[PDB]
Amino acid sequence: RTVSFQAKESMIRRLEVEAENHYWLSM
Amino acid sequence: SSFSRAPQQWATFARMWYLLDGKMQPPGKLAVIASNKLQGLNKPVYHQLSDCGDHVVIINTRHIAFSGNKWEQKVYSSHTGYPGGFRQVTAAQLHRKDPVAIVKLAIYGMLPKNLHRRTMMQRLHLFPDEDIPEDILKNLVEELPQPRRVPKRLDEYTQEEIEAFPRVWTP
Amino acid sequence: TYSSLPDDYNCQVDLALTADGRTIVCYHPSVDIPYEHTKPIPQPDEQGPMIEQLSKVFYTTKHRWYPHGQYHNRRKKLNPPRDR
Amino acid sequence: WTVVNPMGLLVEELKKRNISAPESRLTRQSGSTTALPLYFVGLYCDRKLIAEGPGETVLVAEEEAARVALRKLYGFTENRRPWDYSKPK
Amino acid sequence: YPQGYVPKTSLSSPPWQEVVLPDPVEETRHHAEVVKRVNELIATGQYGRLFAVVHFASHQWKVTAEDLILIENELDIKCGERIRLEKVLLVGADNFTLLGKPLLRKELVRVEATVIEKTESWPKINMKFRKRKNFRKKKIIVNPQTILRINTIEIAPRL
Amino acid sequence: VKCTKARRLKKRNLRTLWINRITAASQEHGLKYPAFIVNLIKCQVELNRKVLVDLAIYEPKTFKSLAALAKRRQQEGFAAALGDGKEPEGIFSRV
Amino acid sequence: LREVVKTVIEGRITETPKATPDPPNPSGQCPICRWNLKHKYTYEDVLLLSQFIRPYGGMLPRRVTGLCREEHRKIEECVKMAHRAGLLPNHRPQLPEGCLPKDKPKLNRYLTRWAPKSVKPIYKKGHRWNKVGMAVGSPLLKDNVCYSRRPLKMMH
Amino acid sequence: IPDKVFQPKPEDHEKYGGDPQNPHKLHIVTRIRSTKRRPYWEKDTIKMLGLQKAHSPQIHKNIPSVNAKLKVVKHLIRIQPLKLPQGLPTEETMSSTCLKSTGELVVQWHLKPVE
Amino acid sequence: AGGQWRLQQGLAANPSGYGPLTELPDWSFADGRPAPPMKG
Ligand code: FES
């Protein structure tokens, strides 16, 4: 079993969004 | 515009005849296009219950080209349903027995697994060579460009191209 | 060659922007076929087999032409709806 | 309005207007040898198409094309301005 | 051969073909020139049947004269009362069309329609799937409705 | 119960039918459905899929004008993407 | 390039093809890179391939060509694909003494990684998660530029 | 995860366009996932913050107590800094306020296309 | 579709969100009487 190209991209976007959430909690 | 109702219905719901050349063309890519044309999906008003499929004519099926080693690696398996009825034939063997069988088999599988598939198959015309009946040509409305651009051979390349082409290295 | 698509089949499409700039003007007069690019009209002027002949003419299946029983025949709606 | 012999009526109007009778031509053809043939016949006046009609046979297309021309002659185009019932005047 | 020259091959050239747009200055002149011709067409009224796309509620309705449109709700408007639709993004003619960006100016287009009837929808059966469903766990809806008849479409040469 | 379940699924099929018809109409003019939609979005065109099917069927001349408009924006969009925004926005790309 | 004429034999050094002047990419150690052809040629580009091939379709030695091993494998693979595809009519094999073609039909092939003679049939295609993959192309050509949205599928 | 994540760096400031000084006052948080199949502590915090409905904007104070609560639910929310380009709205202009997707709350809504 | 582009321009990703198309009144009386404010 291997992963759909869609699933890999979706997590990457969400991880980046959470990174933005981190910065705005840093101030 | 301004056409009478009954003639207007006839023209829009009419079916067209298409010609396809299979020489040095992958059957699968042709099958994908053939399925689209055969099912009637090429029409803006396509509906599942409108029976708007179109006639497709394929020629030069004897000269089709298979990518890679599909000629010797692809096996078609059929079972008669009786004891010892299992038959497995390679693509190369199948082509030798019948040039048109491979093209027909791919189209049949590509078509939807419904009752209408057989009707579409009847509407399909497959010719092993360039020969076509004259009446079919009169019915034919348009020919479709070959899906795959055929690479040129050494002899096919023009003399001017050879002059234009550089000599990379000197022996 | 302002139009981005060939204009020789359906109509001549001319795309324009109004002076205010919040509207797009499209002019689409139809195109008629040249006389030279057309041909003139041609001047010169049994039960089992029946189903097979019917099937061949219309490229249909033989099973379509076989009759149906009384049960389904009566069920058919006598008044298909048509408005205008 | 019942109109018989549209081709003759179309010619009759054209001569009254001193217009040349159109030359019928086969604009499009499909499935000629099949049991379901489609023929498009266009009426060309002075080598200019005035009306085109679809027909199962060339005769039918010519008759349909004549009917289309008659509507154009009398300003009965499918795209003609609708009549207005809103006017209080 | 110039520096960094790649002979054309299957992979050297992209499948897509580059296009060259016309120079902007003359392009605007063509844009203005076309508008002038259309402005004359609107002034001359050289059009017949027209189609206009109007967005009402959550629906977009392509509209023409005498069209009947049904809205699945009450409107509070008496029957036979003319009403003006205010949301039009596109209006079309036989040989030309107009596109809003994203909407046409109120001055250019005025559309009016009349209320015909106030009604409720045909009954709609709602029954959720569940073990031991029972026969009384079913609901009817008959959502209110209203009928509108298109009366007129008005345009002017105000390009 | 069968009717109740189909009501929710019925709406989805209608949108699928509208999208399928649009693609065939766009492909008839040689334009892919995704490309046509994106360019129209870039132009702030909000016509729904149901209306789009009607326009092709009943306004073929308008659909070609829409087809020409989308392709012109696509050509401008490709130029804008290649330009990277340094070049001035095109006439059809102007907002 | 020395050719022998024939008992007494005489060998004469004959004119050898010269590389065209002004390479597009001077400072290129390998001839392929000198012309910026590292990742933009394919088996369909027979004109380039013929230069590195014997008159009967044999491979020329790498040392004489002087090109890097990476391109040598790519060029050798491309020629093999073209030869198996019947795209080199003028470089066909030399028939030993007087032999003639078998006269059986020749199947049209392209993108053939391996010889059709030595590839066994695949009887069992497999189910959903057991599907067998069909090799198309060669790994040597992986680095070639791709103009598609997603990388090309080697396994079909 | 290192604590430097919540200690901003100049490079991070430029990337997100946030000034290291004058730290933003208010957070904008929206629920982007379901609390079903999540542990009770995650469920409790989401309910306390009021993010019951997904894709619903919630305004929160950028204070240490609230920041700790947001950190626990960081993975289920998107955090944006609310900006007042025209300042706080007045009582008369309270009816003309509008919150943009960019995170800016305008105190005057003119219903005119920005174009 | 188009939500990403609309967000890039600063508009609502869904055309049915915050916009003049949805917010503005959808009609008015032919007599000229203003239409009642939408309950939504
Ligand atoms: S192309 Fe430069 S190493 Fe061969």
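Residues numbered from 1 in each chain as written, not as in the entry; some residues may be left out. Chains lettered and ligands numbered in written order. Part of a larger assembly, values for the part shown. Heavy atoms only, no water.

If you check the header, you'll see the entry was determined by cryo-EM and the resolution is listed as 7.31 Å.

For the rest of this paragraph, the subject is the interface of chain E and chain F. Often the size quoted for an interface is simply the accessible area lost on bringing the parts together. The interface of chain E with chain F comprises 24 residues on the first partner and 22 residues on the second. Between chain E and chain F, the buried area comes to about 2,100 Å², and carbon and sulfur atoms account for 63% of it. Interface area lost by chain E to chain F is led by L21, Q60 and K62 of chain E, which between them contribute 25%. Put simply, chain E and chain F have 3 salt bridges between them. Taking the shortest distance from any N to any O, the salt bridge between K62 of chain E and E59 of chain F comes out at 3.3 Å. The tally of links from chain E across to chain F stands at 9 residue pairs in polar contact. Within the residue set of the side of chain E that touches chain F, elements represented by two or more residues are α1 (24-44), β1 (51-56), β2 (59-63), β5 (88-92) and β6 (96-100) of chain E. With 4 residues, α1 of chain E is the largest single contributor of residues to the side of chain E that touches chain F. Per-class residue counts for the side of chain E that touches chain F are 13 nonpolar, 6 polar and 5 charged. (Contact = heavy atoms within 4.5 Å. Buried area = accessible area lost by both parts, 1.4 Å probe. Salt bridge = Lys/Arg side-chain N within 4 Å of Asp/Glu carboxyl O. Polar contact = N/O pair within 3.5 Å; in protein donor to acceptor, adjacent residues only side chain to side chain. Helix = DSSP H or I, 4+ residues; strand = E, 2+ residues; numbered from the N terminus. Nonpolar A, V, L, I, M, F, W, Y, C, P; charged D, E, K, R; others polar.)

Residues and elements named next belong to chain E. As for its placement among the helices and strands, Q145 is situated in strand β8 (residues 144-155). The exposure class of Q145 is buried, given its relative accessible area of 12%. There is a polar contact of 2.6 Å between the side chain of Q145 and the side chain of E72. Among all residues touching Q145, those that are not within four sequence positions of it are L70, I71, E72, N73, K118, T119, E120 and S121. (Buried < 20%, exposed > 50% of the residue type's maximum accessible area, 1.4 Å probe, protein only.)

For the 18 pairs of chains in contact, the maximum contact count is reached by chains B and G. Without any contact between them, chain A and chain D keep their closest C-alpha atoms 45 Å apart.

As a further point, take the pattern of salt bridges. Applying the stated criterion across every chain, the model contains 36 salt bridges over all chains. Put simply, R105 of chain E and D20 of chain C hold a salt bridge, and the shortest N to O gap is 2.9 Å. Residue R105 of chain E is found in the loop between β6 and β7 (109-120), and its partner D20 of chain C is found in the loop between β1 (14-17) and β2 (23-27); the two belong to separate chains. The class for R105 of chain E is partly exposed, based on a relative accessible area of 22%. When its relative accessible area of 38% is taken as the criterion, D20 of chain C is described as partly exposed. Two residues, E76 of chain G and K80 of chain G, come together in a salt bridge whose shortest N-O distance is 2.9 Å. Pair noted here: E76 of chain G and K80 of chain G are both in helix α4 (residues 69-84), with a separation of 4 residues, about one helical turn. Judged by its relative accessible area of 19%, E76 of chain G is buried. Look at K80 of chain G and you get partly exposed, because its relative accessible area is 39%.

One open sheet accounts for 5 strands, arranged β3(E)-β8(E)-β7(E)-β4(E)-β1(I); its pairing is antiparallel. The open sheet has two edge strands, β3 (68-71) of chain E together with β1 (27-29) of chain I, and neither has a second partner. The average undirected angle you get between the axes of adjacent strands in this sheet is 35 degrees. Note: strand β4 (residues 82-85) of chain E against β1 of chain I, 3 bridges, orientation antiparallel. Across the sheet, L85 of chain E pairs through a bridge with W27 of chain I, a residue of β1 of chain I. (Pairing = 2+ DSSP bridges. Axes fitted to C-alpha atoms, helices over the stretch in contact; angles between N-to-C directions.)

Before going further, it helps to spend a moment on the sheet that holds strand β2 (residues 58-61) of chain H. Read from one edge of the open sheet, 3 strands run β2-β1-β3 (chain H), paired in antiparallel fashion. Of all strands in the sheet, those with a lone pairing partner are β2 and β3 (77-81) of chain H, marking the two edges. Across the sheet, the mean angle separating the axes of adjacent strands is 35 degrees when strand polarity is ignored. Note that strand β1 (residues 26-31) of chain H and β2 of chain H share 4 bridges and pair antiparallel. Considered in β2 of chain H, the bridge of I28 of chain H is made with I59 of chain H. With respect to the sheet, helix α1 (residues 5-24) of chain A is in contact with β1 and β3 of chain H, its orientation differing from that of β3 of chain H by roughly 50 degrees.

Taken together, the contact between chain B and chain G spans 35 residues of the former and 44 residues of the latter. Together chain B and chain G conceal approximately 3,800 Å² of surface at their shared face, both sides included; 64% is due to carbon and sulfur atoms. By the criterion of area lost to chain G, the three top residues of chain B are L154, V168 and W169 of chain B, representing 22% of everything that side buries. Linking chain B with chain G are 2 salt bridges, by the criterion used here. With its nearest N and O atoms 2.7 Å apart, the salt bridge here joins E44 of chain G to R149 of chain B. Here chain B is connected to chain G by 14 residue pairs in polar contact. Elements with a minimum of two residues in the side of chain B that touches chain G: β3 (65-67), α3 (70-73), β4 (75-79), β5 (86-90), α4 (91-97) and α8 (159-164) of chain B.

Attention now goes to the packing of aromatic side chains. By the definition in use, this model includes 15 aromatic pairs over all chains. Where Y40 of chain H meets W41 of chain H, the ring centres are 4.8 Å apart and the plane angle is 75 degrees; that geometry is what we call edge-to-face. Using a relative accessible area of 47% as the deciding quantity, one classes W41 of chain H as partly exposed. By the ring-pair criterion, three or more aromatic residues cluster together here, those being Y23 and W24 of chain A together with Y16 of chain H. For the cation-ring pair, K37 of chain B lies above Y18 of chain B, with the distance from its terminal atom to the ring centre recorded as 4.0 Å. Taking the ring centre of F5 of chain A as reference, the NZ or CZ of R149 of chain G above it sits at 5.5 Å. (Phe/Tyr/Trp six-rings, centres within 6.5 Å; stacked < 30°, edge-to-face > 60°. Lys NZ or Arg CZ within 6 Å of the ring centre and 35° of its normal.)

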